[PDB]
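Worksheet: one structure, shown below.
A note on names: the letters A, B, ... follow the listed sequences, proteins ahead of strands, and every chain is numbered from 1. Atoms considered below: every heavy atom in the structure, side chains included; atoms not considered: hydrogens, waters and symmetry mates.
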Amino acid sequence: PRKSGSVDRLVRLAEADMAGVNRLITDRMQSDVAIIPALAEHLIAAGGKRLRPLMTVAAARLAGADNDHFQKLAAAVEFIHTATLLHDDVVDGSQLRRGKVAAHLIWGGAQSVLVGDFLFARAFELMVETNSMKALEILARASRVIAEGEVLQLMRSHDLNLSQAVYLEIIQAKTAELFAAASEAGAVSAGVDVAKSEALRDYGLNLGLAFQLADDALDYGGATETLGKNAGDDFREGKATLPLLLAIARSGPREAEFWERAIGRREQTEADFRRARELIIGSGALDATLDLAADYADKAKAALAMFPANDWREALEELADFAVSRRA
Amino acid sequence: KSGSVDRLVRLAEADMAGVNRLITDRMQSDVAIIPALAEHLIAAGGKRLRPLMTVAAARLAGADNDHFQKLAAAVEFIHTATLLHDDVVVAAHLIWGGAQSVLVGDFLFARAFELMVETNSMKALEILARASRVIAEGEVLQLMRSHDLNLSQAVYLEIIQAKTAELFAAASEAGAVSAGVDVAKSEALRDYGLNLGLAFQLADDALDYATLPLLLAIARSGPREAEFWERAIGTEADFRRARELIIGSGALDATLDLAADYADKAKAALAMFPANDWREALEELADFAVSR
Ligand code: DMA
Ligand code: DMA
Ligand SMILES: [Ca+2]
Ligand SMILES: [Ca+2]
């Protein structure tokens, strides 16, 4: 049995920096156009684990930063994340996010998209203030790669003959890259050698793969009330993810017409989800997904080998295990 | 006094070829539908006014370097991204093709900033990041006032300044700063772009006869019984009734003249620059914004 980890040590070590990050967040979500801070705070104040800014903070302190200018980057990262949520929820048609109704059901799809565009621009304004051209290139690139991954998913995730390799390419782009960017931007703020920033980048990329694999498994195996979003969104969208792909592969010839109807032609009821959830758990497909996630978590922990075994390093190792073990 | 758009287009030929090559190259992805969907909007737009601003401003400010071409291309990406996020349509779910438009928009927005990073110009990035922010505020404001019967002239101007003119101003200002000129020079060129943007929009509002002409007519056709009465009707049979209220109250004429005032302001902003082909082409453009 693998270690649980936790976020607790990370959160506690980063407390003094996150108060600065949260101050920037509340500040930059402000606008004279009143819908903007209303829509934004509905999402931001609703909750969220803040893992991405936490990783920027952790990476900066592990790399030994001498000022706190990384806090603006951490704030920018959360805005980028927040914006991608607004856009992704509109695209996927999801009804719940962080325990609240998805913003686009209250303010409309257009306003959700536009407020996302606001946050994206606010994120770059913040980065400009830090004067770190390298950190700005890192997050500009990450943001482009997210969009590419989302398009790739839109084009290719909606048929059952999706390969594992294309799936891993999608999750690397749409999810793991922002984690890699968050750590790498944190590291470059500190003004370090490329070996350290590359190591931290490596940590975040692998953490994000583990993270997304666990998220995909949680979509079938989690409870809506702990997740803050509807279990079964992927299935009801007709979106193939690894747990589904692996389950199809163990299922034999007898289930092929069920998937074809529910996913390929996308004809569904609520009963189809309960049937799918059972076939994903029972076939061990959920477990195999998490085995792969744990493999990526090991890679994330090994990526930090060059760093001193201090509290920041231990916090990041515990986060790697947490990425796989978490329920939300 | 007519002017042209054609004079600047011809002057900016050698520069715009390099801009269009950057535009084509940077829109590419290993994800095939991204450049396919982007080229549909880009190549079938024709005019390229916003990147022209950047080319023209950098040339008038006497740029020795090449950097403005990447900023010009980035400006077109931002412009295209904003167009992609407009057609999206409480309207909860996306129209067909809406999903790709959101995400290709996100791609181009991000590509623009990558392109700008390549110039190493932190001032240019600052200008365009702020522009992007203001545009997004302008677009949110327009949508929360899309219904509005009683929208004042001032607030409408604030909307179009943010959602249309700001990009023209930012394109010009960014072009100027890539030339390495002083603040007075970049400020003037910024002002040219801003006023030009306003002049284009207001004449476009006039060339269509919830814009300024209708807003003025309703404000000049008395209180709530041709205000809320027109707003309740706000079809094709119902059209020429409000047009009569537009012309007859002198609202269409008030729009055209305001448009011209903005064009003159644009021209007056260029007065510190040498009276050369670039300046005269920009002067002619300001007149074109009104005549066309
Ligand atoms: C890509 C992905 C799974 C996004 C949701 O992120 P998260 O689980 O970190 O969300 P939150 O910020 O709400 O904790
Ligand atoms: C915002 C983003 C990059 C989402 C991708 O992952 P997902 O659709 O699995 O996330 P969620 O389940 O949080 O909607
Ligand atoms: Ca989603
Ligand atoms: Ca998910």
Side-chain angles (χ1 to χ4, degrees), chain B residues 3-20 22-23 47-79 112 115-116 118-132 134-135 161 164-201 262-289:
Chain B
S4 73
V5 58
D6 302 73
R7 191 188 170 171
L8 176 57
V9 169
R10 295 199 207 3
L11 256 192
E13 273 170 26
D15 287 319
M16 285 307 272
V19 164
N20 289 313
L22 288 162
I23 280 172
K47 305 181 188 196
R48 305 279 218 274
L49 276 172
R50 291 148 185 96
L52 278 171
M53 262 350 84
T54 301
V55 169
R59 282 307 186 203
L60 192 62
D64 54 81
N65 53 264
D66 255 310
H67 287 151
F68 68 92
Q69 284 188 327
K70 290 181 179 189
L71 309 174
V75 170
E76 193 56 26
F77 285 165
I78 288 150
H79 170 53
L115 235 188
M116 292 195 308
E118 294 183 39
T119 67
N120 267 297
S121 177
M122 189 76 264
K123 233 302 181 174
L125 272 129
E126 195 255 286
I127 288 162
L128 283 143
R130 186 200 166 265
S132 297
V134 173
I135 292 168
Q161 186 172 308
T164 301
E166 190 56 43
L167 196 42
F168 281 96
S172 308
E173 196 193 359
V177 305
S178 66
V181 290
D182 47 63
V183 157
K185 279 168 151 200
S186 55
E187 215 76 72
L189 276 162
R190 174 173 184 84
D191 269 304
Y192 170 82
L194 193 80
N195 287 301
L196 180 74
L198 292 167
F200 264 112
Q201 187 59 59
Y262 282 118
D264 293 332
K265 278 193 184 134
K267 294 218 231 149
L270 299 170
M272 77 181 299
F273 299 101
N276 64 25
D277 276 314
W278 292 109
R279 209 184 90 191
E280 293 180 21
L282 295 183
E283 285 162 0
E284 285 189 40
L285 184 55
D287 293 320
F288 185 79

message: Could you go through B/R50 and B/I78, starting from their C-alpha distance and side-chain angles, then the distance that decides it, and tell me whether this counts as side chain to side chain contact (heavy atoms under 4.5 Å, CB included)?
response: CA-CA 10 Å; B/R50 291 148 185 96; B/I78 288 150; over 6 Å; no
- prompt: Does the pair B/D287 and B/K267 meet the rule for a side chain to side chain contact (heavy atoms under 4.5 Å, CB included), with working shown?
  reply: CA-CA 9 Å; B/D287 293 320; B/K267 294 218 231 149; 3.0 Å; yes
query: Can you list the steps and then say if B/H79 with B/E76 is a side chain to side chain contact (heavy atoms under 4.5 Å, CB included)?
result: CA-CA 5 Å; B/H79 170 53; B/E76 193 56 26; 3.6 Å; yes
message: B/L49 vs B/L285, test: side chain to side chain contact (heavy atoms under 4.5 Å, CB included). Steps then yes/no.
response: CA-CA 10 Å; B/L49 276 172; B/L285 184 55; 4.1 Å; yes
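With sequence neighbours excluded, no residue forms a side-chain hydrogen bond (donor to acceptor under 3.5 Å, both in side chains) with B/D191.
Residues B/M53 and B/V75 fail the side-chain proximity criterion, which asks for heavy atoms closer than 4.5 Å. The side-chain heavy atoms of B/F288 and B/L196, taken from C-beta on, include no pair separated by under 4.5 Å. Inter-residue side-chain proximity for B/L270 and B/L189 is flagged as met; some heavy-atom pair is nearer than 4.5 Å. At least one side-chain heavy atom of B/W278 sits under 4.5 Å from a side-chain heavy atom of B/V55. For the pair B/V5/B/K47, no side-chain contact is recorded, criterion being any heavy-atom separation below 4.5 Å from C-beta on. When side chains are defined from C-beta on, B/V19 does not count as touching B/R48, because their heavy atoms never get closer than 4.5 Å. Proximity of B/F77 to B/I23: side-chain heavy atoms (C-beta onward) are separated by under 4.5 Å at one or more points. When side chains are defined from C-beta on, B/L167 counts as touching B/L128, because their heavy atoms get closer than 4.5 Å.
Residues B/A179 and B/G62 share a closest heavy-atom pair of CB-C, 4.4 Å. Closest non-hydrogen pair, B/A263 versus B/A199, comes out as N-CB, 3.7 Å. Residues B/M116 and B/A74 approach most closely at CG-CB, 3.6 Å, considering heavy atoms. The two atoms that bring B/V134 and B/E166 nearest to each other are CG1-CG, 3.8 Å, heavy atoms only. Annotation for B/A72 and B/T54: closest pair N-CG2, 3.7 Å, computed over non-hydrogen atoms.
Considering CG of B/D264 and CG of B/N195, their distance stands at 9.5 Å, rounded to 0.5 Å. Here the CG-CG distance, from B/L22 to B/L115, works out to 6.5 Å after rounding to the nearest 0.5 Å. Rounding to the nearest 0.5 angstrom, the gap separating the CD atom in B/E284 from the CG atom in B/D277 is 9.5 Å. Rounding to the nearest 0.5 Å places CG of B/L125 at 4.0 Å from CE of B/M122. In this structure, CG in B/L8 is found 9.0 Å from CE in B/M16, a value given to the nearest 0.5 Å.
In terms of modelled atom types and a separation under 3.5 Å, the side chain of B/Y192 and the main chain of B/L282 share a donor-acceptor contact. Within the 3.5 Å criterion, the main-chain N or O of B/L11 finds no donor-acceptor partner in the side chain of B/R7. Between the side chain of B/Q161 and the backbone N or O of B/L198, no donor-acceptor pair lies under 3.5 Å.
Applying the salt bridge (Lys or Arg N to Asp or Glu O under 4.0 Å) rule to pairs touching residues 63-74 of chain B yields B/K70-B/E118, sequence neighbours excluded. The side-chain hydrogen bond (donor to acceptor under 3.5 Å, both in side chains) contacts involving residues 170-187 of chain B comprise B/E173-B/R190, where partners must be two or more places apart or lie in separate chains.
Salt-bridge check for B/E126 with B/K123: passed, with a basic side-chain N closer than 4.0 Å to an acidic carboxylate O.
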